[PDB]
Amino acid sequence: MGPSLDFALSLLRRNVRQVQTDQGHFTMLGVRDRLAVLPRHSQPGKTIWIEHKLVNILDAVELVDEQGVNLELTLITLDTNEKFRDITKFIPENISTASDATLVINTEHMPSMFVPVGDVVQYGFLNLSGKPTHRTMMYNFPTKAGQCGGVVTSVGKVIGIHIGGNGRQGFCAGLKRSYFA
């Protein structure tokens, strides 16, 4: 097997989890230790269902920028025996665009699902459900309900979390390493 599939499959096995909140099914990325990230609108409460188990959330932090604006990312600290494989070195120091990217989804409804969203480009401000969110990126792929939380990836780098869409173009919250320091 080749390198790009190896990485995505490995990411799946060790870092990308099937979850459900009161808002339904999402894909969750475990970044390191007990720290994972979910899209903000998933609204994790005190517990979250992670694959086969309800897990207690010790702390949740919804990220905003310096101009108070939403970023559509919640950092969660889990009460779990598991440390996540630390993949913060695969996350760029600053939000980065990419080419021939792949969106990696993992929910009970869409398990181990690979979506070739193609080139990923800067995008900026986005309106999702009359909520405005900064630091955003775009792929011209018609993304779908249930794909939120899905992991935007290319060339062994981890660059975004799917948050939103319109029938023609899908959009992610860009990742940067400082969020997980």
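Take the two forms, find the largest set of C-alpha atoms that superpose within 1.5 Å, and that set is the rigid core. In case it trips you up, residue 1 is the first one in the sequence shown, and so on.
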| message | Between 124 to 132 and 108 to 116, which one shows the bigger average Cα displacement from this form in 9 other deposited structures of this protein once the rigid core is aligned? | response | 124 to 132
| query | Looking at the entry, does 84 to 92 or 67 to 75 show the higher mean C-alpha B-factor? | reply | 67 to 75
| field | Greater mean Cα temperature factor according to the PDB record, 152 to 160 or 48 to 56 | value | 152 to 160
| Between 146, 130, 30, 39, which carries the biggest CA temperature factor in the record? | 130
| query | What third of its chain's C-alpha B-factors does residue 166 belong to: lowest, middle or highest? | reply | highest
| query | How does residue 61 rank on Cα B-factor within its chain, lowest, middle or highest third? | reply | middle
| remark: Chain thirds by Cα B factor, record data; residue 114 belongs to the middle
